[PDB]
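Enquirer: Sequence below, structure please.
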Amino acid sequence: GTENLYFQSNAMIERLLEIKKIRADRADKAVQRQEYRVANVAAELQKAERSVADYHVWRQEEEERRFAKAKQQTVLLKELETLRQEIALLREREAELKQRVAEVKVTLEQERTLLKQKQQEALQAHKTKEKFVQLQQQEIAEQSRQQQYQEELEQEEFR
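Expert: Numbering: from 1, shown residues only. You can find the structure just below:
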C-alpha cells in the first residue's frame, strides 16, 4: 500500500523499455530495408552502365557508316542533312543513356547516405534501450533492497 509505488514504477519502466525495444527493432528493420534499396539501386546502376557501353560501340560504328556514305557518294544536300540528323539522334540517345548512369550514381550515393543516417538512428535507439535496461535493473535493485530490509525487521516480530 505505497510503496506499492514500486509495482507501478516497475510497470511504467517495463512498458517504457518495451517501447524502446520496439523502436530499436523498427530502427533495425529500417536499416535492413535500406540495405535492400542500396542493393537494388546498385543493380540498376550496373545495368545502366552496361547499356551505355553497348550502345557506345554501335553509335560509333553507325556514325562512321553515315560519314562514309556521305563522303563516298556525292549525295544531295537534304540527304546529307538527313544523315547529319540521324547522327545527332544517335548521339542524343547516348547522352540520355550516360545521363541515366549519372542520375543512378547520385541516387546510389544518396541511398548510401540514408543508410548511414538509419544506422546512426539504430545505434542511438539501441543506446537508449540499454539505458532503459539499466534503469530497470536499478529499479528492481531498489525494490529488492527495500523488500529485504523489511524482512530483516519482520524477523524482529518473531526472533
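Enquirer: Within the helices and strands, which one has the residue nearest the centre of the chain?
Expert: Geometric centre of the chain, nearest residue: residue 34, 2.8 Å, by C-alpha atoms, centre = their mean. Here residue 34, judged by DSSP states H and E, is contained in helix 5-71.
Enquirer: Likewise for residue 137?
Expert: helix 77-154.
Enquirer: Going by contacts, tell me the helices and strands next to that helix.
Expert: Of the remaining helices and strands, those touching helix 77-154 by 3 or more C-beta pairs under 8 Å, 6 or more residues apart in numbering; DSSP states H and E are helix 5-71. The C-beta positions use only the backbone N, C-alpha and C, and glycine is treated the same way.
Enquirer: From the contact counts, what lies against the helix it packs on?
Expert: helix 77-154.
Enquirer: Okay, angle between the helix it packs on and helix 5-71 too, please.
Expert: Taking axes from the mean of the first three to the mean of the last three C-alpha atoms, to 10 degrees, one finds that helix 77-154 is oriented at 170 degrees with respect to helix 5-71.
Enquirer: From residue 13, how far off is residue 84?
Expert: Noted for residue 84: a distance of 78 Å to residue 13, by C-beta to C-beta, to the nearest Å.
Enquirer: Repeat that for residue 113.
Expert: Here the criterion is C-beta to C-beta. By it, residue 113 lies 36 Å from residue 13.
Enquirer: Next, count neighbours for the nearest residue to residue 20 once chain neighbours are set aside.
Expert: By the measure of C-beta to C-beta, 6 or more residues apart in numbering, the closest residue to residue 20 outside its immediate chain neighbours is residue 129, 4.5 Å from it. The criterion is other C-beta atoms under 10 Å. On that basis, residue 129 has 20 neighbouring residues.
Enquirer: okay but residue 75 is in contact with residue 68, surely?
Expert: No - between residue 75 and residue 68 no contact is recorded; they are 11.3 Å apart, counting by C-beta atoms under 8 Å.
Enquirer: who's more crowded, the two?
Expert: Between residue 75 and residue 68, counting by other C-beta under 10 Å, residue 75 is the more crowded of the two (14 against 10).
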